Amino acid sequence: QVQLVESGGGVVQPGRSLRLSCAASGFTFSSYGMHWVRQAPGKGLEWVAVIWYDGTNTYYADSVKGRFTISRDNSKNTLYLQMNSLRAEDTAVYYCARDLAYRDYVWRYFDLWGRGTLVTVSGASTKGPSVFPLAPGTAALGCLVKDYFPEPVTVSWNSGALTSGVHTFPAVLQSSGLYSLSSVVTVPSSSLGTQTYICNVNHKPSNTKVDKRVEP
Amino acid sequence: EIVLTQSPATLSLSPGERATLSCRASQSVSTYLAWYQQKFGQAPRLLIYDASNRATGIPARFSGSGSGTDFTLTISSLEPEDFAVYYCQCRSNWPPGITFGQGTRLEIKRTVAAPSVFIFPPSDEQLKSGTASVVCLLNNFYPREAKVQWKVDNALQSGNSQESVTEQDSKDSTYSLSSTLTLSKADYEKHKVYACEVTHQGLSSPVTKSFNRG
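Chains H and L, in that order, give the protein sequences. The first sequence maps to residues 1 to 52, 52A, 53 to 82, 82A to 82C, 83 to 100, 100A to 100F, 101 to 126, 134 to 213 in the entry's author numbering. The second sequence maps to residues 1 to 95, 95A to 95B, 96 to 212 in the entry's author numbering.
Take a look at the structure:
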């Protein structure tokens, strides 16, 4: 099966380095030009670098020139991105992508993409959230998932038994360098006395699992 | 360097209707232009390349046209998963690079719906830690444009709130918005009335929700 799978993402302090890998399967890797493309959270796509099929030339976006190096090992079907002197503005999902052209140095389009891997550059350290209730013919209630790093968190209600009327918002990045998000649910006002509401928060980077009962 | 400009930033359409997305280049790129689709939370995928060539496996409902600086992506009959972000893309030579447009998002057009507003005080558990977060929820409204203003003891707040908006709901085509006002516990305890004032096309007059305490 034709695919690209990135690895090596994570958190990094400003000025430090990280090396991403991308394992290619299902096609003659040594016959294609390869790229890295990134997407900062909530922003558009930005091309990062390209390497010719035989590795004999490379080009970079001015934003990463001198700090990043794209390379490949055709014997292992693997593409790399060495990222040095990282800055907060390099925080993004990084995708490896195949160039459409076959054995052609002219690079133009991305015909196959990986799944992406998140790289977060910040002075903050990995930390699980604190979960606070948002206490309540429609009533609204929720949970405030505050002060975690890095993204993402997942939230469910009543262990997945409550899905209708749930809204889990995108997180915001606070001036402290930690994220905060809310998750809410609207229910009939009469259900406040008959049904129990618990928010279930997971933050995989810190192995945090929280169950918070939200009472009127 | 080429610049690609996509218009409109948001296209409001109905399912089944024809979508026409535009991409303008700053200077000619001949027919060397591609379109990508990005569904929320997923990687982009190539739809069209060389202005009008459909990529392998892409359904016939997607078609591209144009040359020089004026390009169009047409989606003949929209499916639910097509209400996504679309990017155009080309090559630049000075300096060598790949340029993307800023994207056009497709949303489902529906009737105007005013938000239902709710305010939440900070929990006693959070106050025990030295900070107070007050949250305001604007639920299930349309269109996406909405304004939240925080007022504490009748004074307009500035610089101490952050907000975010959900993706358009798949069932009712509305948006929701959450705004958080952050104060120190000491500052929260110095004030009594906390209010969030909401303005939106569906409200003839701003709606305020408030509570007393702190």
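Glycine is no exception: its CB is placed at the ideal position from the N, C-alpha and C atoms.
- Taking 8 Å as the cut-off, the beta carbon of L/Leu-4 is found no closer than this to the beta carbon of L/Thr-102.
- L/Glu-187 and L/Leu-175 have their C-alpha atoms spaced approximately 26 Å apart.
- The Cβ of H/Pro-167 sits closer than 8 Å to at least one Cβ of chain L.
- Here DSSP, grouped into helix, strand and coil, assigns L/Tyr-86 to strand.
- Here H/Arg-94 is buried, its C-beta having at least 16 other C-beta atoms within 10 Å.
- Distance from the CA of L/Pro-95 to the CA of L/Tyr-36, rounded to the nearest whole angstrom, comes to 23 Å.
- The beta-carbon distance between H/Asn-73 and H/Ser-30, rounded to whole angstroms, is 4 Å. This is short enough to meet the 8 Å contact definition.
- Under the DSSP assignment, L/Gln-124 falls in the alpha helix (DSSP H) whose first and last residues are 122-125.
- At least one beta carbon of chain H lies nearer than 8 Å to the beta carbon of L/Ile-96.
- Interface residue (Cβ-Cβ distance to chain L less than 8 Å): H/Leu-80 is not classified as such.
- Ranking L/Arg-54, L/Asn-138, L/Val-205 and L/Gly-212 by CA distance to the CA of H/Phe-166 puts L/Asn-138 first.
- For L/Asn-137, the neighbours in chain H by C-beta distance under 8 Å run, in chain order, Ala-137, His-164, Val-181 and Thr-183.
- Sequence-distant Cβ neighbours of H/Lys-206 in its own chain, meaning closer than 7 Å and more than five residues away, are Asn-199.
- Residues of chain H whose Cβ lies closer than 9 Å to the Cβ of L/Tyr-49 are, in chain order, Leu-96, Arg-100D, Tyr-100E and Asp-101.
- H/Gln-13 has its alpha-carbon roughly 28 Å from the corresponding atom of L/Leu-181.
- Boundaries of the beta strand (DSSP E) around H/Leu-96: 88-98.
- Apart from the 5 residues on each side of it in sequence, H/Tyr-58 sits with its Cβ closer than 6 Å to the Cβ of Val-50 in its chain, given in chain order.
- For H/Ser-186, the secondary structure class from DSSP, reduced to helix, strand or coil, is coil.
- In terms of Cα proximity to L/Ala-84, the closest of L/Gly-200, L/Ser-202 and L/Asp-167 is L/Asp-167.
- Here L/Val-132 really is in contact with L/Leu-179; their C-beta atoms are around 4 Å apart, less than 8 Å.
- Per DSSP, reduced to three states, the secondary structure at H/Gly-157 is helical.
- Its Cα nearest to that of L/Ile-48, the residue L/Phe-71 stands out among L/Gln-42, L/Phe-71, L/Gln-27 and L/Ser-28.
- In the structure shown, the three-state DSSP call for L/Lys-149 is strand.
- In this structure, L/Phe-62 is the residue among L/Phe-62, L/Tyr-87 and L/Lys-169 with its C-alpha nearest to the C-alpha of L/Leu-78.
- Cα atoms of L/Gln-100 and H/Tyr-90: separation of roughly 17 Å, rounded to the nearest angstrom.
- Beta-bridge annotation (DSSP): H/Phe-166 is not paired with any residue.
- Interface with chain L (8 Å Cβ-Cβ cutoff): H/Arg-71 is excluded.
- Think of a sphere of 8 Å around the beta carbon of H/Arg-105: the chain L residues whose beta carbon falls inside it are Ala-43, in chain order.
- H/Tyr-176 and H/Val-63 have their C-alpha atoms some 26 Å from each other.
- Closest option to L/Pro-59, judged by alpha-carbon separation, among L/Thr-74, L/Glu-165 and L/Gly-68: L/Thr-74.
- For H/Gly-157, the nearest beta carbon of chain L is not closer than 8 Å to its own beta carbon.
- A direct Cα-Cα distance of roughly 41 Å separates L/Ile-2 from H/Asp-144.
- Look at L/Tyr-32: its C-beta is under 8 Å from a C-beta on chain H.
- Between L/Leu-46 and H/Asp-101, the CB-CB gap stays under 8 Å.
- The beta carbon of H/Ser-188 lies closer than 8 Å to those of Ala-136 in the same chain, with the five residues before and after it left out.
- Taking the CA atoms as reference points, H/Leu-18 sits about 11 Å from H/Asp-86.
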